[PDB]
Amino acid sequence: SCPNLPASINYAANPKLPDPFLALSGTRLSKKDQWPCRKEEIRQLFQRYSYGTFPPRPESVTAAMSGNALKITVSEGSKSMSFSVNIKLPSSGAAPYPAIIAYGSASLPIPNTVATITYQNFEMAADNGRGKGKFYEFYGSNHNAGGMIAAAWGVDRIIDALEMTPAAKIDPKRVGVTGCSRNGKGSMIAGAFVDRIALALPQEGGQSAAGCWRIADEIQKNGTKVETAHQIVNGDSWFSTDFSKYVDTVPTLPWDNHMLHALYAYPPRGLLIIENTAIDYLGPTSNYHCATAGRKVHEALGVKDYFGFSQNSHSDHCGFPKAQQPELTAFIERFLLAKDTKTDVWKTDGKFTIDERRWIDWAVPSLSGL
């Protein structure tokens, strides 16, 4: 349906967030029916420069309920791998149930109307181990995928297995995803690459997730210690070994993380970013300005209200404040509990400067076809 990227891309150093509506072809999007092919371009850019290859569904996926365990087996040629996820069914409403996949564990309050699928994402592909995890046992240790995109592949397989196994009692069309800190990152990427996810809730994922690389670079340049591209490729195997060629030349990247958010605008799905203005290393002003740029794609495609942003000041990392509950309730209501509640939430309590034009030198086009 869409072409692959040129063998090589020449992108002139740009100190602002690249126009998400500007195809590498050269033509700027003016028609809705062009967006799908730009969306793949973006997906392919992320995999080449930062994430590694997000593989397709393997030749076999099979699943099997075994008590509360959903045991998912896959194979490709003679190779086979199994990974198990715990499902804790809720105590309110009737099957098939809406669910949330938690990277390791939730730090959001999940209502008693929504199932809790507990995904062992570091078990799938390790936190700080190059080529370690089920993913790499299956595909090879030398496979160029990073532990973030390999975890996201596991979420694609989790949903394949819920489509195959009504026994699990989970509506496949209403599976959310969430995580905090490192799993804010994972959950954000899972939701960006798995189109079938109904709602992503990344919490305090900061840079790589909510924040843009260019703004992290400028936060650093201004004196405050923050999670820059240069920093993030060190304590972990989250990104492909290729990412560390580019960390020092961010302005020449034909993309930024605002285009990760853009992947959520088609097919339209819920994205509430929950963030913390108090912790410097997240880059509070990056998160806000980066998100605000990402939502421009949602705005063009008339699905603005499917992308929520909430930034709150709290000393404790990953402690959900009660202040952010109405916003979380609303997004769970609309996209998981199939209720009809409004979700235009875009707020920070942060006291930094809010200047869009600093990062966004491009206009939201009127897309015809919608």
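Note that residue numbering follows the sequence shown and begins at 1.
- Just going by the entry, 144 to 152 versus 96 to 104 on mean CA temperature factor gives the higher value to 96 to 104.
- Relative to one another, 301 to 309 and 48 to 56 have unequal mean CA B-factors, and 301 to 309 is the one with the higher figure.
- The PDB entry assigns its highest CA temperature factor, among 70, 337, 42, 61, to 337.
- Within the selection 206, 186, 223, 251, the deposited Cα B-factor values reach their highest point at 223.
- Among all modelled residues in this chain, the alpha-carbon of residue 18 has a temperature factor (C-alpha) in the lowest third.
- In this PDB entry, residue 363 carries a Cα temperature factor that places it within the lowest third of its chain's modelled residues.
- Sort the chain's modelled residues by C-alpha temperature factor and residue 35 lands in the lowest third, per the entry.
- The entry lists a Cα temperature factor for residue 235 that places it in the highest third of the chain's modelled residues.
- The PDB entry assigns residue 125 a C-alpha temperature factor belonging to the lowest third of its chain's modelled residues.
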